[PDB]
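In the structure tokens that follow, a single protein chain appears in two forms: structure 1, then structure 2.
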Structure 1
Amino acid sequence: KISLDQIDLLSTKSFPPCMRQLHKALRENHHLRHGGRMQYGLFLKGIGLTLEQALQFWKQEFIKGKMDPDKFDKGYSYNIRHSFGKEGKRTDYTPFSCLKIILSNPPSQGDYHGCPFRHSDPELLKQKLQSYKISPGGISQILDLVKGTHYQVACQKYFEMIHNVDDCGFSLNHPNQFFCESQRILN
């Protein structure tokens, strides 16, 4: 039911901070390192994109990197298809859970995947928070949670704020969960 020229907006309204970052990085750089391609792609699949859309969404954005639209089908295409289970063993991979994102494959320079509340240093996170126009009160309330390593909670806090609600009404532990709950209130 979801369309491609709608994502940019969705990223702002329903994507959790992690997917939002990964999306912006993809539009700015017209590319993403493996770690981000994994987390983001499975997420996009989890929200609704079909294999036809996925291949289009990614090819389109990668041509702007000015690389061979052929050098794309060479490497990147096969892997996208294997994500939707259309290659090899044929496994329709479930998107990443928060705990996984938070405790594994920590990000390094050049990477944008991972969990902002966990992998972005307090000072950079603050700037992002502000960039999303989050009230300095909640920003402060988030940083606290972050300091107590309650990353997922801090993200729930972010939910409640960007949706103007008192209680998100669920415990967060999967990015696409954040998405759906958002879609519930907006759509």
Structure 2
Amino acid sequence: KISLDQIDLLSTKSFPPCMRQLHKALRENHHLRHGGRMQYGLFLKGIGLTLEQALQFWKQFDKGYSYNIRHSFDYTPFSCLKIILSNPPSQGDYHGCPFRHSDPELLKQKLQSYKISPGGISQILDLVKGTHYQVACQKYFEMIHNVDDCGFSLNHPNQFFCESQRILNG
């Protein structure tokens, strides 16, 4: 067992926006609805981690849940197209793809909170207007890693993670 706050830095450095938002929502709300638990949990599964949900003894608003991580040593982790094209999030949901599912003004605010430069935000929003969600995410990747070219064709959040970790490990 491992605390869920241990991967805060990893989430900011290597998670794609779809999983970064879900980690943040889990940390702040102490719970995710089923759509988020599936998207984020299966993403963690693809890295070799087991998300675990627990109910606290004092639960008879705070729903009384506690989430943690455990290192793993038959649900398939979601691809980009599955996240973008299926299961659009309702108002209680934090899952989905921010480039496809966030209102553009809210998306701009979100990218600003991520410290993306104004030019990068402009390029990303341009790509979003063309419905090129994964290309916009490749742009996000390039901005957050300070590289000119991501060097791969993005089609999976876990692929995003592996390529980010490759860059970070030299």
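In this text, rigid core is short for the largest set of C-alphas that superpose within 1.5 Å between two forms. Residues that one form lacks are left out of the comparison. Numbers given to residues start at 1 and step along the sequence of structure 1.
A 2 Å or larger CA shift between structure 1 and structure 2, after fitting on the rigid core, occurs at just one of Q130, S140, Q53, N29, namely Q53.
Taking the rigid core as fixed, one finds a CA shift for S77 of 2 Å or more between structure 1 and structure 2.
Core-based alignment between structure 1 and structure 2 gives a C-alpha movement of 1.3 Å at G110.
For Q6, the displacement of the CA atom between structure 1 and structure 2, after superposition on the rigid core, amounts to 3.4 Å. In sequence order, 1-6, 50-60, 72-84, 92-94 are the runs of at least 3 consecutive residues whose Cα positions differ by 2 Å or more between structure 1 and structure 2 once the rigid core is superposed.
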